[PDB]
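File shown: data-v8.csv (CSV, N, CA and C atoms).
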chain,number,residue,atom,x,y,z
A,1,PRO,N,-38.7,-1.3,0.7
A,1,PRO,CA,-37.4,-1.7,1.2
A,1,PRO,C,-37.6,-2.3,2.6
A,2,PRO,N,-36.6,-3.2,3.1
A,2,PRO,CA,-36.6,-3.8,4.4
A,2,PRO,C,-36.2,-2.9,5.6
A,3,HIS,N,-36.6,-3.4,6.8
A,3,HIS,CA,-36.4,-2.6,8.0
A,3,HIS,C,-34.9,-2.6,8.4
A,4,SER,N,-34.4,-3.7,8.9
A,4,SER,CA,-33.0,-3.8,9.3
A,4,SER,C,-32.6,-2.7,10.4
A,5,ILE,N,-31.3,-2.8,10.8
A,5,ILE,CA,-30.8,-1.9,11.8
A,5,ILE,C,-30.2,-0.7,11.1
A,6,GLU,N,-29.6,-0.8,9.9
A,6,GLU,CA,-29.0,0.3,9.2
A,6,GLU,C,-30.0,1.5,9.0
A,7,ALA,N,-31.3,1.1,8.9
A,7,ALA,CA,-32.3,2.1,8.7
A,7,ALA,C,-32.4,2.9,10.0
A,8,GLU,N,-32.4,2.2,11.2
A,8,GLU,CA,-32.5,2.8,12.5
A,8,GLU,C,-31.3,3.7,12.7
A,9,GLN,N,-30.1,3.1,12.3
A,9,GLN,CA,-28.9,3.8,12.5
A,9,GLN,C,-28.9,5.2,11.7
A,10,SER,N,-29.5,5.1,10.5
A,10,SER,CA,-29.6,6.3,9.7
A,10,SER,C,-30.5,7.3,10.3
A,11,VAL,N,-31.6,6.9,10.9
A,11,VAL,CA,-32.5,7.8,11.5
A,11,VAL,C,-31.8,8.5,12.6
A,12,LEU,N,-31.2,7.7,13.5
A,12,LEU,CA,-30.5,8.3,14.7
A,12,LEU,C,-29.4,9.2,14.3
A,13,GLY,N,-28.4,8.6,13.5
A,13,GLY,CA,-27.3,9.3,13.1
A,13,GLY,C,-27.6,10.6,12.3
A,14,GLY,N,-28.6,10.4,11.4
A,14,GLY,CA,-29.1,11.5,10.6
A,14,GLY,C,-29.6,12.6,11.5
A,15,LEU,N,-30.4,12.2,12.5
A,15,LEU,CA,-30.9,13.2,13.5
A,15,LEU,C,-29.8,13.9,14.2
A,16,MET,N,-28.7,13.2,14.5
A,16,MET,CA,-27.6,13.8,15.2
A,16,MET,C,-27.0,14.9,14.3
A,17,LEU,N,-26.8,14.6,13.0
A,17,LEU,CA,-26.3,15.6,12.1
A,17,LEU,C,-27.3,16.7,11.7
A,18,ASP,N,-28.6,16.5,11.9
A,18,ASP,CA,-29.5,17.5,11.6
A,18,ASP,C,-30.7,17.6,12.6
A,19,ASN,N,-30.4,18.2,13.7
A,19,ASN,CA,-31.5,18.3,14.7
A,19,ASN,C,-32.8,18.9,14.3
A,20,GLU,N,-32.8,19.5,13.1
A,20,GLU,CA,-34.0,20.1,12.6
A,20,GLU,C,-35.1,19.1,12.1
A,21,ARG,N,-34.6,18.0,11.5
A,21,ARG,CA,-35.5,17.0,10.9
A,21,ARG,C,-36.2,16.2,12.0
A,22,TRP,N,-36.1,16.7,13.3
A,22,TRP,CA,-36.8,16.0,14.4
A,22,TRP,C,-38.2,15.9,14.3
A,23,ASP,N,-39.0,17.0,14.2
A,23,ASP,CA,-40.4,17.0,14.1
A,23,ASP,C,-40.9,15.9,13.1
A,24,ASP,N,-40.3,15.9,11.9
A,24,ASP,CA,-40.7,15.0,10.8
A,24,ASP,C,-40.5,13.6,11.3
A,25,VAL,N,-39.4,13.3,11.9
A,25,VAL,CA,-39.1,11.9,12.4
A,25,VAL,C,-40.0,11.5,13.5
A,26,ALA,N,-40.2,12.4,14.4
A,26,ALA,CA,-41.1,12.2,15.6
A,26,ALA,C,-42.5,11.9,15.2
A,27,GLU,N,-43.0,12.6,14.1
A,27,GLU,CA,-44.3,12.4,13.6
A,27,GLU,C,-44.5,11.0,12.8
A,28,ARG,N,-43.4,10.3,12.6
A,28,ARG,CA,-43.4,9.1,11.8
A,28,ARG,C,-43.0,7.9,12.6
A,29,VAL,N,-42.2,8.0,13.6
A,29,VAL,CA,-41.7,6.9,14.5
A,29,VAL,C,-41.7,7.2,16.0
A,30,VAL,N,-41.7,6.1,16.8
A,30,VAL,CA,-41.7,6.2,18.2
A,30,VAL,C,-40.6,5.3,18.8
A,31,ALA,N,-40.1,5.6,20.0
A,31,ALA,CA,-39.0,4.9,20.6
A,31,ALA,C,-39.2,3.3,20.4
A,32,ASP,N,-40.3,2.8,20.8
A,32,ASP,CA,-40.6,1.4,20.8
A,32,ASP,C,-40.8,0.8,19.4
A,33,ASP,N,-40.6,1.6,18.4
A,33,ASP,CA,-40.7,1.0,17.0
A,33,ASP,C,-39.3,0.5,16.6
A,34,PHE,N,-38.3,0.8,17.4
A,34,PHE,CA,-36.9,0.4,17.1
A,34,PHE,C,-36.6,-1.0,17.7
A,35,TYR,N,-35.9,-1.8,16.9
A,35,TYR,CA,-35.5,-3.1,17.3
A,35,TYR,C,-34.7,-3.2,18.5
A,36,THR,N,-33.5,-2.8,18.5
A,36,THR,CA,-32.5,-2.8,19.6
A,36,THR,C,-32.9,-1.9,20.8
A,37,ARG,N,-32.4,-2.4,21.9
A,37,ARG,CA,-32.6,-1.6,23.2
A,37,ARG,C,-31.8,-0.3,23.1
A,38,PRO,N,-30.5,-0.4,22.7
A,38,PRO,CA,-29.7,0.9,22.6
A,38,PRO,C,-30.5,2.0,21.8
A,39,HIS,N,-31.0,1.6,20.7
A,39,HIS,CA,-31.7,2.5,19.8
A,39,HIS,C,-32.9,3.1,20.4
A,40,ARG,N,-33.7,2.3,21.2
A,40,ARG,CA,-34.9,2.8,21.8
A,40,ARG,C,-34.4,3.9,22.8
A,41,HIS,N,-33.4,3.5,23.6
A,41,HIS,CA,-32.9,4.4,24.6
A,41,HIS,C,-32.4,5.7,24.1
A,42,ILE,N,-31.6,5.6,23.0
A,42,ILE,CA,-31.1,6.8,22.4
A,42,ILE,C,-32.2,7.7,21.9
A,43,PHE,N,-33.2,7.1,21.3
A,43,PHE,CA,-34.4,7.8,20.8
A,43,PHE,C,-35.1,8.5,21.9
A,44,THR,N,-35.4,7.8,22.9
A,44,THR,CA,-36.1,8.4,24.1
A,44,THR,C,-35.3,9.6,24.6
A,45,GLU,N,-34.0,9.4,24.7
A,45,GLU,CA,-33.1,10.5,25.1
A,45,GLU,C,-33.1,11.7,24.2
A,46,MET,N,-33.1,11.5,22.9
A,46,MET,CA,-33.2,12.6,22.0
A,46,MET,C,-34.5,13.3,22.1
A,47,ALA,N,-35.5,12.5,22.4
A,47,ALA,CA,-36.9,13.0,22.6
A,47,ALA,C,-36.9,14.0,23.8
A,48,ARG,N,-36.4,13.5,24.9
A,48,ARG,CA,-36.2,14.3,26.1
A,48,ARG,C,-35.5,15.6,25.9
A,49,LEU,N,-34.2,15.5,25.4
A,49,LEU,CA,-33.4,16.6,25.0
A,49,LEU,C,-34.1,17.6,24.2
A,50,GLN,N,-34.6,17.2,23.0
A,50,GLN,CA,-35.3,18.1,22.1
A,50,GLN,C,-36.5,18.7,22.7
A,51,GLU,N,-37.2,18.0,23.5
A,51,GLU,CA,-38.4,18.5,24.1
A,51,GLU,C,-38.1,19.5,25.3
A,52,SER,N,-36.9,19.6,25.6
A,52,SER,CA,-36.5,20.5,26.7
A,52,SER,C,-35.6,21.7,26.1
A,53,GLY,N,-35.6,21.8,24.8
A,53,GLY,CA,-34.8,22.9,24.2
A,53,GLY,C,-33.4,22.6,23.9
A,54,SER,N,-32.9,21.4,24.2
A,54,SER,CA,-31.5,21.1,24.0
A,54,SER,C,-31.2,20.4,22.7
A,55,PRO,N,-30.1,20.7,22.1
A,55,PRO,CA,-29.7,20.1,20.8
A,55,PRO,C,-29.6,18.5,21.0
A,56,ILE,N,-29.6,17.8,19.9
A,56,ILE,CA,-29.5,16.4,20.0
A,56,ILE,C,-28.3,15.9,19.1
A,57,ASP,N,-27.3,16.8,19.0
A,57,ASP,CA,-26.1,16.4,18.2
A,57,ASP,C,-25.2,15.5,19.0
A,58,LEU,N,-24.3,14.8,18.4
A,58,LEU,CA,-23.4,13.9,19.1
A,58,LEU,C,-22.8,14.3,20.5
A,59,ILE,N,-22.2,15.5,20.5
A,59,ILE,CA,-21.6,16.0,21.7
A,59,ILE,C,-22.6,16.2,22.9
A,60,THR,N,-23.8,16.9,22.6
A,60,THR,CA,-24.8,17.2,23.6
A,60,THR,C,-25.3,15.8,24.1
A,61,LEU,N,-25.7,15.0,23.1
A,61,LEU,CA,-26.3,13.7,23.5
A,61,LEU,C,-25.4,12.8,24.3
A,62,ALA,N,-24.1,12.5,23.8
A,62,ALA,CA,-23.2,11.7,24.6
A,62,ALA,C,-22.9,12.3,26.0
A,63,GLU,N,-22.9,13.6,26.1
A,63,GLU,CA,-22.7,14.3,27.3
A,63,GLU,C,-23.8,14.0,28.3
A,64,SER,N,-25.1,14.1,27.9
A,64,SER,CA,-26.2,13.8,28.8
A,64,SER,C,-26.3,12.4,29.2
A,65,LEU,N,-26.0,11.5,28.2
A,65,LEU,CA,-26.1,10.0,28.6
A,65,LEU,C,-25.0,9.6,29.6
A,66,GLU,N,-23.9,10.3,29.5
A,66,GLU,CA,-22.8,10.0,30.4
A,66,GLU,C,-23.1,10.5,31.8
A,67,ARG,N,-23.6,11.8,31.9
A,67,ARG,CA,-24.0,12.3,33.2
A,67,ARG,C,-25.1,11.6,33.8
A,68,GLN,N,-25.7,10.6,33.1
A,68,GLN,CA,-26.8,9.8,33.6
A,68,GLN,C,-26.5,8.3,33.8
A,69,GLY,N,-25.2,8.0,33.6
A,69,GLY,CA,-24.7,6.7,33.7
A,69,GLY,C,-25.1,5.7,32.6
A,70,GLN,N,-26.0,6.2,31.7
A,70,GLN,CA,-26.5,5.4,30.7
A,70,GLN,C,-25.7,5.3,29.4
A,71,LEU,N,-24.5,5.9,29.4
A,71,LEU,CA,-23.7,5.9,28.2
A,71,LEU,C,-23.2,4.5,27.8
A,72,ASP,N,-22.9,3.7,28.8
A,72,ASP,CA,-22.5,2.3,28.6
A,72,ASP,C,-23.7,1.5,28.1
A,73,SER,N,-24.9,1.7,28.6
A,73,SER,CA,-26.1,1.0,28.2
A,73,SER,C,-26.5,1.2,26.8
A,74,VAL,N,-26.0,2.3,26.2
A,74,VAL,CA,-26.4,2.6,24.8
A,74,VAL,C,-25.3,2.1,23.8
A,75,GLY,N,-24.1,1.7,24.3
A,75,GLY,CA,-23.1,1.3,23.5
A,75,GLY,C,-21.8,2.1,23.6
A,76,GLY,N,-21.8,3.0,24.6
A,76,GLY,CA,-20.7,3.9,24.8
A,76,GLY,C,-20.5,4.9,23.8
A,77,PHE,N,-19.6,5.9,24.0
A,77,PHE,CA,-19.3,6.9,23.1
A,77,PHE,C,-18.9,6.4,21.7
A,78,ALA,N,-18.2,5.3,21.7
A,78,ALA,CA,-17.7,4.7,20.5
A,78,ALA,C,-18.8,4.5,19.5
A,79,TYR,N,-20.0,3.9,20.0
A,79,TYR,CA,-21.2,3.6,19.2
A,79,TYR,C,-21.9,4.9,18.7
A,80,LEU,N,-22.0,5.9,19.6
A,80,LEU,CA,-22.6,7.1,19.2
A,80,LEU,C,-21.7,7.8,18.1
A,81,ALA,N,-20.4,7.7,18.3
A,81,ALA,CA,-19.5,8.3,17.3
A,81,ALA,C,-19.7,7.6,16.0
A,82,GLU,N,-19.8,6.2,16.0
A,82,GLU,CA,-20.1,5.4,14.8
A,82,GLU,C,-21.3,5.8,14.1
A,83,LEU,N,-22.4,6.0,14.8
A,83,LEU,CA,-23.7,6.4,14.3
A,83,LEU,C,-23.5,7.7,13.5
A,84,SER,N,-22.8,8.6,14.2
A,84,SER,CA,-22.5,10.0,13.6
A,84,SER,C,-21.7,9.9,12.3
A,85,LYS,N,-20.8,9.0,12.2
A,85,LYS,CA,-19.9,8.9,11.0
A,85,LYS,C,-20.5,8.1,9.9
A,86,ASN,N,-21.1,6.9,10.2
A,86,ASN,CA,-21.6,6.0,9.2
A,86,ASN,C,-22.8,6.5,8.4
A,87,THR,N,-23.7,7.3,9.0
A,87,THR,CA,-24.8,7.8,8.3
A,87,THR,C,-24.5,9.0,7.4
A,88,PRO,N,-24.6,8.9,6.0
A,88,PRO,CA,-24.3,9.9,5.1
A,88,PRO,C,-25.4,11.1,5.2
A,89,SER,N,-24.9,12.3,5.0
A,89,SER,CA,-25.8,13.5,5.0
A,89,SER,C,-26.8,13.5,3.9
A,90,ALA,N,-26.5,12.7,2.8
A,90,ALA,CA,-27.3,12.6,1.6
A,90,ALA,C,-28.4,11.5,1.8
A,91,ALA,N,-29.2,11.7,2.8
A,91,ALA,CA,-30.2,10.6,3.0
A,91,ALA,C,-31.6,11.2,3.4
A,92,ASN,N,-32.6,10.5,3.1
A,92,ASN,CA,-34.0,10.9,3.5
A,92,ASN,C,-34.4,10.3,4.8
A,93,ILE,N,-34.2,11.1,5.9
A,93,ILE,CA,-34.6,10.6,7.2
A,93,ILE,C,-36.0,10.2,7.4
A,94,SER,N,-36.9,11.0,6.7
A,94,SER,CA,-38.4,10.7,6.8
A,94,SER,C,-38.7,9.4,6.2
A,95,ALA,N,-38.0,9.0,5.1
A,95,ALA,CA,-38.2,7.8,4.4
A,95,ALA,C,-37.8,6.6,5.4
A,96,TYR,N,-36.6,6.7,5.9
A,96,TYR,CA,-36.1,5.7,6.9
A,96,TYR,C,-37.0,5.7,8.1
A,97,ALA,N,-37.5,6.8,8.5
A,97,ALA,CA,-38.3,6.9,9.7
A,97,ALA,C,-39.6,6.1,9.5
A,98,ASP,N,-40.0,6.1,8.2
A,98,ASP,CA,-41.2,5.4,7.8
A,98,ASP,C,-40.9,3.9,7.7
A,99,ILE,N,-39.7,3.6,7.2
A,99,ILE,CA,-39.3,2.2,7.0
A,99,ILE,C,-39.2,1.5,8.4
A,100,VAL,N,-38.7,2.3,9.4
A,100,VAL,CA,-38.6,1.8,10.7
A,100,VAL,C,-40.0,1.6,11.4
A,101,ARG,N,-41.0,2.5,11.0
A,101,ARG,CA,-42.3,2.4,11.5
A,101,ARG,C,-43.0,1.2,11.0
A,102,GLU,N,-42.6,0.6,9.9
A,102,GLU,CA,-43.2,-0.6,9.3
A,102,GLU,C,-42.1,-1.4,8.6

Go ahead and express the file in the form of structure tokens.
Amino acid sequence: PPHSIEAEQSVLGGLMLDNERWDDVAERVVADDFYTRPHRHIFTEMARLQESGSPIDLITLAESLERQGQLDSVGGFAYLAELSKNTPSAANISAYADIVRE
């Protein structure tokens, strides 16, 4: 299957809905593997958060990006909200993580 942005969206959104699938995703993809700037930024952020013991769900994430002035640079809360809603829970994050890797 093709790369596209939807795949990236599903990885990120999916990670927001399930902070546990992180290790799997991290072992398959890296920030710079993402097309868009927003996505690389969000990914780096989730990396920082998760590597510091903090959850990477929508509320925690949006909260940290705002306290850092970077919320606008990522697409604002509206976009993070969109990623959270658009990605169905019935998806294989590891698969998409791999699709994004190549």

(request) Using only C-alpha atoms, pick whichever of A:25, A:6, A:20, A:62 has the shortest atom-to-atom distance to residue A:75. (result) A:62

(request) May I ask which of the residues A:58, A:31, A:99, A:15 is the closest one to residue A:77, counting only C-alpha atoms? (result)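 Checking each of A:58, A:31, A:99, A:15 against residue A:77, counting only C-alpha atoms, the winner is A:58.
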
Compile the contact shell of residue A:74 as a short mmCIF file (atom, residue, chain, number, x, y, z; two decimals) with N, CA and C atoms, in the coordinates of the input: residues with an atom at most 6.5 Å away, counting only N, CA and C atoms, same-chain residues fewer than 2 positions apart removed.
data_model
loop_
_atom_site.label_atom_id
_atom_site.label_comp_id
_atom_site.auth_asym_id
_atom_site.auth_seq_id
_atom_site.Cartn_x
_atom_site.Cartn_y
_atom_site.Cartn_z
N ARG A 37 -32.40 -2.40 21.90
CA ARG A 37 -32.60 -1.60 23.20
C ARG A 37 -31.80 -0.30 23.10
N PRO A 38 -30.50 -0.40 22.70
CA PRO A 38 -29.70 0.90 22.60
C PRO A 38 -30.50 2.00 21.80
N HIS A 39 -31.00 1.60 20.70
CA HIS A 39 -31.70 2.50 19.80
C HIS A 39 -32.90 3.10 20.40
N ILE A 42 -31.60 5.60 23.00
CA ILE A 42 -31.10 6.80 22.40
C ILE A 42 -32.20 7.70 21.90
N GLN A 70 -26.00 6.20 31.70
CA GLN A 70 -26.50 5.40 30.70
C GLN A 70 -25.70 5.30 29.40
N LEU A 71 -24.50 5.90 29.40
CA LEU A 71 -23.70 5.90 28.20
C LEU A 71 -23.20 4.50 27.80
N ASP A 72 -22.90 3.70 28.80
CA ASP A 72 -22.50 2.30 28.60
C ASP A 72 -23.70 1.50 28.10
N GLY A 76 -21.80 3.00 24.60
CA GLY A 76 -20.70 3.90 24.80
C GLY A 76 -20.50 4.90 23.80
N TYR A 79 -20.00 3.90 20.00
CA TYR A 79 -21.20 3.60 19.20
C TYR A 79 -21.90 4.90 18.70
#

(request) Have a look at A:45, A:8, A:66, A:23 and name the one nearest to residue A:101; count only C-alpha atoms. (result)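 Among the listed residues, A:8 lies closest to residue A:101.
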
(request) Could you give me, as a VMD selection string, the residues that sit within 8 Å of (-38.7, 0.9, 10.7) in the file's coordinates, counting only C-alpha atoms? (result) chain A and resid 3 to 4 7 to 8 29 33 to 34 96 to 102

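Take atom N of residue A:73 and atom CA of residue A:46: the distance between them is 15.2 Å.
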